[PDB]
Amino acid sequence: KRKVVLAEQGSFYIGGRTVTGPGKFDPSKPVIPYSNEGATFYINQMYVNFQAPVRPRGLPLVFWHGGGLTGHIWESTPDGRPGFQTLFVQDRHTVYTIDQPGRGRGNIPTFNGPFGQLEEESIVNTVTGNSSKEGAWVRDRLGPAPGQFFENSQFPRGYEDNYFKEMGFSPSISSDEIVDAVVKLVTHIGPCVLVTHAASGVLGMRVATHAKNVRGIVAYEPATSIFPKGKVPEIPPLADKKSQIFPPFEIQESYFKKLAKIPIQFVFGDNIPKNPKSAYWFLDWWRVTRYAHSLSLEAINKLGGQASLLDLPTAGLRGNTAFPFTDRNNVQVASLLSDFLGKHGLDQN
């Protein structure tokens, strides 16, 4: 069902700061080409979209895209099926979707001069990085190599171009400033639930430690593990005996303990190997990253928490990629998210 009844919808900007150019602005002088003279620039602000149903129940959901992505991934699948935005408005939740600072409708901080440079100050780096189609194919576990699908894949085959077109670079905005923008949104919204993805997994955990309004977290395929400072457990290298997973983020235990106060679920798709896989770097990377997360969740539970790991194949769902919420079985994935919300009273007023 594609029908949606909205009590209200819209979008707004929140967060960010300003930086200023030298000198002063004279309205008599030519304004184009643009100049940094007398300039105030708003930087690192975030775009926020909301849709509210009639008669909402439970807490609003904040959907937070993964690395190099935008709120598009919650709007629609690459083959044009409804995304989680529609599904959960239909499930009677108010739904927020964001484009974080540096992505999509969020701000890209650049000026008049080499990319990211304001006179002598580097606001973000001029040198960018960006995944290729090939890198994203194996990162997202469509298959073991570009152009090849796992036999069981839930990916919407035939819509590869549409899928990869949604991805792009991120400028070097500090993670602190990205977290700051979402903390400010959570302050504005009130009690809510964060639903994160890959790169935004660790960022959402950080937000919750700064914002008691976060009443629950569901993280799809989180990319970076988090631990109390000085208590990172032994994590093996990858099967190539050369590479490591992403260095785990370390926070003061007084902040880490806040994660034990809310229900947290990490969700993983399929085709993560059980055993070392030296021929396929990202598959092996996901094996060790998932392992590190299991230990992170265990640490939260030793502090009295309620942190769980859901492998979708254990729930009867086979073949999901690293984007289970846009896969062909996304309605079933959504049902499992509704189950988590219902278990924890997050779908009741």
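Residues carry their position along the shown sequence, with the first being 1.
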(request) Using the B-factors recorded in the PDB entry, average over the C-alpha atoms of 179-187 and of 271-279, then report which stretch comes out higher. (result) 271-279
(request) May I ask you to compare 42-50 and 312-320 by their mean CA B factor in the entry and name the higher one? (result) 312-320
(message) So if I compare the CA B-factors in the entry for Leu194, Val138, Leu118, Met167, which one is the largest?
(response) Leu118
(request) Tell me, please, which of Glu75, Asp79, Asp99, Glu151 has the highest C-alpha B factor according to the deposited entry? (result) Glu151
(message) When the deposited Cα B-factors of this chain's modelled residues are ordered and cut into thirds, is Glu134 in the lowest, the middle or the highest one?
(response) middle
(message) Quick check for you: using the entry's CA B-factors within this chain, is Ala198 in the lowest, middle or highest third?
(response) lowest
(message) Quick check for you: using the entry's CA B-factors within this chain, is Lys231 in the lowest, middle or highest third?
(response) highest
(request) Could you tell me which third, lowest, middle or highest, the C-alpha B-factor of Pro146 occupies within its chain? (result) middle
(request) Pull the Cα B-factor of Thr70 out of the PDB entry and bin it into the chain's lowest, middle or highest third. (result) lowest
